[PDB]
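>
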Amino acid sequence: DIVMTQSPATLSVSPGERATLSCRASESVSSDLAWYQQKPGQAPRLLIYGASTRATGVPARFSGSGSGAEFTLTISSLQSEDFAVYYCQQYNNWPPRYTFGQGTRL
Amino acid sequence: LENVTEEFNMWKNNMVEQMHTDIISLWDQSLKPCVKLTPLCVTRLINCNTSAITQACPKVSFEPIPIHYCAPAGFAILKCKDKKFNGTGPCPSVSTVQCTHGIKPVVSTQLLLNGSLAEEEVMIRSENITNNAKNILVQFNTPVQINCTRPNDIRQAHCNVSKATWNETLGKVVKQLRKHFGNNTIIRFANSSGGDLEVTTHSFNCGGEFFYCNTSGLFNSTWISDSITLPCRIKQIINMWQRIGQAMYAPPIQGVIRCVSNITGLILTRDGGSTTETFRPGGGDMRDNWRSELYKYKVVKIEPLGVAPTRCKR
Amino acid sequence: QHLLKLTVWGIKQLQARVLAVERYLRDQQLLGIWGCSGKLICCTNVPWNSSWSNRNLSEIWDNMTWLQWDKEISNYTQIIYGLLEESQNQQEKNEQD
Amino acid sequence: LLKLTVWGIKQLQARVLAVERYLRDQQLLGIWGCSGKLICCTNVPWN
Amino acid sequence: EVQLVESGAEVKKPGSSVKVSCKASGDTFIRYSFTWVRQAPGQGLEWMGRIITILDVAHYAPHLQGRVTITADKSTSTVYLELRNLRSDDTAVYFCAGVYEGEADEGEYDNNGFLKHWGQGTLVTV
Amino acid sequence: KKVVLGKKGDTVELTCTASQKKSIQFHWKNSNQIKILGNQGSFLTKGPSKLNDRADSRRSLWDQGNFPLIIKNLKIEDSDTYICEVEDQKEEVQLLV
Ligand SMILES: *[C@@H]1O[C@H](CO)[C@@H](O)[C@H](O)[C@H]1NC(C)=O
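Protein chains in written order, with the authors' numbering: chain R, 1 to 95, 95A to 95B, 96 to 104; chain A, 86 to 128, 192 to 300, 325 to 397, 412 to 460, 464 to 503; chain D, 563 to 659; chain F, 565 to 611; chain S, 1 to 52, 52A, 53 to 82, 82A to 82C, 83 to 100, 100A to 100K, 101 to 111; chain N, 1 to 97.
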C-alpha cells in the first residue's frame, strides 16, 4: 500500500556545482533506503545502501542523509559522467512490499 | 505426611506434557518468526508439500519468569523429600503440597540454564543405565556462574566460564559416574557427533537473540583412577523445537546484549560399543529439560468414600 | 487495568468454587441414595461376604492403613456399590410400604 | 461489554457466597448428627 | 563478486507465457537472494519479485499478483521467471539482480533489500 | 528377518515402521550396538560410528510414522544388520552388497 513520489522531479545544474536530490515518503521508512544511478542504455549501479553508508568503488563526494520520510543525497563536485537518472528505493517493511522512486534526471 | 511410602515415577509423568503444551502455546503466541517452513505432507502413496506462512516479525523483549502449577479442587500433588532419590521407585517420605516450586521455562540444549539445584550431592538420573539410547540427566549441587554476551561483525559473542569451578564440578560428576561403572574405568568426554546445529552446540535464547555457542572447549578431559571463552555465533535460520520445520528470524539488535546464568544441570549420552567409556553431551528433547525439575511431583485424586466391615446395627 | 482483574483472575476462581460446591453436592447425594443422608460414620444392612478378602477384625482395624485396604478391594468395589444402592434401599423402602 | 464484566460478577459472587455459607453451616449441623432437621435432641446434660 | 547473464530478447503475442532465464556465476548460488525488476522504456524502475534461495520462498508485488512465478535451480544455479497472461504494459526491459547476505549455509542472514549486482537486461515486446 | 540388496556406490533407503502416526523416539544401531542416527524431538542427531558423513533421514516423514535411513556412497564394509529401536520394538534389516 506504499506510495512513492519525490518532489524534485527535474533538475539541471552546471558542472562543478553541489546538488541535492530529495527523497520523500508518506510515513517513516526508518533508515532502509538505497540510492541508485542509471546511465541510459545500461543497467543501474548501486551507490548508497542503508541511506548513510557508502558502497564499494564509489566516489567520496556522494553523501546521503536523513530519517523518517525526509532524505537528501548531496553531491559535491559534478562531473561529466554523472549525467544519469537517480532513484531511491525503500525496503523497510516485512513482508516485502517494495517500490522505487519515479526517477529524477540530473 | 505420616509413615507412608509412594511409588514415584518420572519417565511416565503427565505434568511434563502439560508443561510442554503450555510452553509451545507460549512460543507460538510470543515469538513471531518471519518465514516458516512446516512440512505438511498429507497423502506407499505419499506426497510432501511445504507451506510458506509469512508474518510480520518485530523485536520483543524476552526473559523467563517463575511458574507454579497448582492442582484444582478434588486433586492434590505429592512431593517427595528424599535427597538421594533414584528418580523412580519408592519414595519413603512424601508430603502434600498445594502448588509446586518455582520453575523458569527456559529453552536449552546441551546444558540446563537457570534451573533448580540439588540438596546434598550431584545426582544422576536415567530411564535405564546400560541401554545406550536414553539421555542421562545430571543435577549439580553448586551453580556454575557463566557470563555469556555480545560485545559492542555484529554476530560475534564471547562466553566466559570459570575453569577451577568447572574442573571441580566435572570431578564431582566423574566421581558420581564411578559408582555405576565399577570404580576403575576411564571416562572420556567428546564434543558432539553430527546432527543439526542446535544439538551439536549449546543453543539457547538471550534477550530475544538466539545463541549457538560451541562446547568443544568444555568437554575435553579424560579421567583415570583461568576462564574459558566460547565462540557464540548468532544465527537466523533455525529449526523449530515445536515441530519439524525451518524458521527465519530478524537481524539482531544493535547494541549490547548481556545475560549471566547459573549452569545447574547437564544432559549426557553414553557411547557404548565393545574398557573406557565416552560420555558425549546431547539434548534437544525439551521433555528432558522439564523432567529434571518436575522429577519429584505426582498428581493424585482423592476418593473420600470407603467401605469396611464392623459389628454394627441396622 | 481494572477490567482485566475481573475477566481472567475473577472467573477462574469462581469456576473453581462452583466446581468444588457441585462436586461436594453430587457426592453427598450419592451418600444420600445409600440411606445415610448426612452422617459421617454411617451404618447399613448388607451382609459382609466370606469372600472379598475376609480376615479377622483385629487385623483389619489395628494393622492396615486405609490405602492398602482400598488397594485390596480395588477390584470388588462396584459389586459393593451395587449392593448398597440397588436391591437393598429399594427393598427396605418396599418393606416399609 | 462493561456491564457483563462488572455488574454481573458481583451478583454471581454474592449468590455463590450465600450458597457456600449455607452449605458450611448445614455441614456443621450435620457433624453433630443433626443433619437437615431444624430442631433435634442430643445426649449431653445441662450442667 | 559474481556476474549475471540473461537470455535473449523475446517477442510474445498477448495471452501467451513468457519464460526468462538468468544464470549467475562467480560464487556459491544459494548464498544470494534475487530480485526481478522491470523498466519500461522512458519510465522508472518497477519492483516485481524477490526470491530467497535457501528457503525457496518468493514474494511479489500486488500490482501483478498471480501472474508470475519465480523459481530457482541450485543444480544449474539459475533463476527463472514465468509470466502468463501478459498484456501490453509489460513491453519493457527486465533485469535479474542479486544481493549477498552472508553465510546462508550455517544460518546467517541479513534481510538485505538493496540491489548490488545486476545483469544486462532482456528486452520484451507484447 | 527382512533382507535388502544393494550395489556399490549407490543410495539405499531402509524403512522402519511404527504403529503410531506420531513423531516418537527412535534409534538405529549396528550389530555392535553403536548409534547411526536418531531423533531428539524435532532435531536429528548422529552416532559416533563410521557412517557419520553418509547418514541422512527424511525429516518430513517422521509425522507419518516412517523413519527411514539413507545411505549414500555405499561400500562393502556397510553390509551388516541394522536394528531400528522404536516404541520398545526392535526391527532388524540385513543389508547385502
Ligand atoms: C460372595 O462372593 C462370591 C463371589 O463374588 C459369590 O459367589 C457369593 O454368592 C457371595 N456371597 C454372599 C453371601 O454375598
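For each residue, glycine too, the CB sits at the ideal point set by N, CA and C.
Can you pull the DSSP bridge partners for residue 332(A)?
For residue 332(A), which the question treats as bridged, DSSP gives the partners 295(A), 415(A).
> Below 8 Å between beta carbons: does that hold for residue 395(A) and residue 358(A)?
Their beta carbons are under 8 Å apart, which means residue 395(A) touches residue 358(A) by this criterion.
> Relative to the C-alpha of residue 94(A), which residue among 492(A), 502(A), 486(A) is closest?
Here the closest residue by C-alpha is 486(A).
> Name the residue from 591(D), 606(D), 580(D) whose alpha carbon lies nearest to the alpha carbon of residue 651(D).
When only C-alpha atoms are compared, the closest one is 606(D).
> Considering residue 434(A), what are the terminal residues of the beta strand (DSSP E) in which it resides?
Start and end: 432-434.
> For residue 271(A), write down the residues that DSSP places opposite it in a beta bridge.
287(A).
> What in chain S is Cβ-close to residue 5(R), meaning under 8 Å?
Chain S residues near residue 5(R): none, gap ~11 Å exceeds 8 Å.
> Beta carbon of residue 57(N): closer than 7 Å to some heavy atom of ligand 1?
No, since every heavy atom of ligand 1 falls outside the 7 Å radius drawn around the Cβ of residue 57(N).
> Using a Cβ distance threshold of 8 Å, determine whether the stretch 474-488 of chain A contacts the stretch 248-257 of chain A, with at least three qualifying pairs required.
The stretch 474-488 of chain A vs the stretch 248-257 of chain A: in contact.
> Residues near ligand 1, CB to any non-hydrogen atom under 6 Å, in chain order?
Result (chain order): 609(D), 611(D), 613(D).
> Taking only three categories from DSSP, how would you classify residue 280(A)?
If DSSP states are grouped into helix, strand and coil, residue 280(A) belongs with coil.
> I'd like to know if residue 100(S) contacts chain R, where contact means its C-beta is closer than 8 Å to some C-beta of that chain.
Taking Cβ atoms only, chain R never reaches closer than 8 Å to residue 100(S), which makes this a no.
> On a CA-only basis, which of 470(A), 423(A), 280(A) is nearest residue 364(A)? Give me that one, please.
Looking at the Cα atoms, 470(A) is the closest of the given residues.
> Among 647(D), 620(D), 658(D), 608(D), which has the Cα closest to the Cα of residue 503(A)?
Here the closest residue by C-alpha is 608(D).
> Per the DSSP calculation, residue 94(S) is bridged to which residue(s)?
BP columns for residue 94(S) point to 34(S), 102(S).
> Name, please, each residue of chain A whose Cβ falls closer than 7 Å to the Cβ of residue 94(R).
Chain A residues near residue 94(R): 119, 204, 205.
> Does any residue of chain N have a CB that is nearer than 8 Å to the CB of residue 124(A)?
Yes, contact with chain N.
> Could you give the distance in angstroms between the alpha-carbon of residue 300(A) and the alpha-carbon of residue 115(A)?
Each residue's alpha carbon lies about 27 Å from the other.
> Report the neighbours of residue 579(D) on chain F: residues whose CB is nearer than 8 Å to its CB, in chain order.
By Cβ distance, chain F contributes 580, 584.
> For residue 586(F), report the span of its beta strand (DSSP E) as first-last.
Note, residue 586(F): premise wrong, no beta strand (DSSP E); alpha helix (DSSP H) at 566-595.
> Name, please, each residue of chain N whose Cβ falls closer than 7 Å to the Cβ of residue 425(A).
Within 7 Å Cβ-Cβ: 42, 43.
> Tell me which residue opens and which closes the alpha helix (DSSP H) that residue 639(D) is part of.
Segment 639-647, the alpha helix (DSSP H) holding residue 639(D).
> How many angstroms separate the CA atom of residue 600(D) from the CA atom of residue 493(A)?
Cα-Cα distance, rounded: 14 Å.
> Which residues in chain A have a C-beta closer than 7 Å to the C-beta of residue 100D(S)? List them in chain order.
Near residue 100D(S) (Cβ distances below 7 Å), the residues of chain A are 327, 421, 422.
> How should residue 438(A) be labelled, buried or exposed, when 16 other C-beta atoms within 10 angstroms of its C-beta is the threshold for buried?
Under this definition residue 438(A) is a buried residue.
> Residues of chain D with CB closer than 8 Å to the CB of residue 569(F), please, in chain order.
Result: 565, 568, 569.
> Would you call the CB atoms of residue 54(A) and residue 258(A) closer than 8 Å?
As displayed, chain A neither begins before 86 nor continues past 503, which places residue 54(A) out of reach and without an answer.
> On a CA-only basis, which of 40(R), 41(R), 73(R) is nearest residue 54(R)? Give me that one, please.
Minimum Cα distance to residue 54(R) is reached at 73(R).
> Per DSSP, what kind of secondary structure is residue 343(A) in: helix, strand or coil?
Reduced to three states, the DSSP call for residue 343(A) is helix.
> Among 464(A), 414(A), 206(A), which one has its Cα closest to the Cα of residue 436(A)?
Closest option to residue 436(A), Cα to Cα, is 206(A).
> Strictly by DSSP, which residues pair up with residue 45(R)?
Residue 45(R) pairs with 37(R).
> Please report how far the alpha carbon of residue 46(S) lies from the alpha carbon of residue 67(S), in whole angstroms.
So the two alpha carbons sit approximately 14 Å from each other.
> Quickly, what does DSSP pair residue 384(A) with across the bridge? List them, please.
Partner(s): 375(A), 419(A).
> According to DSSP, is residue 27(N) helix, strand or coil?
Strand.
> If the criterion is Cβ atoms closer than 8 Å, does the pair residue 100F(S) and residue 98(S) meet it?
Taking 8 Å as the Cβ cut-off, residue 100F(S) and residue 98(S) qualify as a contacting pair.
> Please report whether the beta-carbon of residue 82B(S) lies at a distance below 8 Å from any beta-carbon of chain A.
Not closer than 8 Å to any Cβ of chain A, the Cβ of residue 82B(S) fails to qualify, so no.
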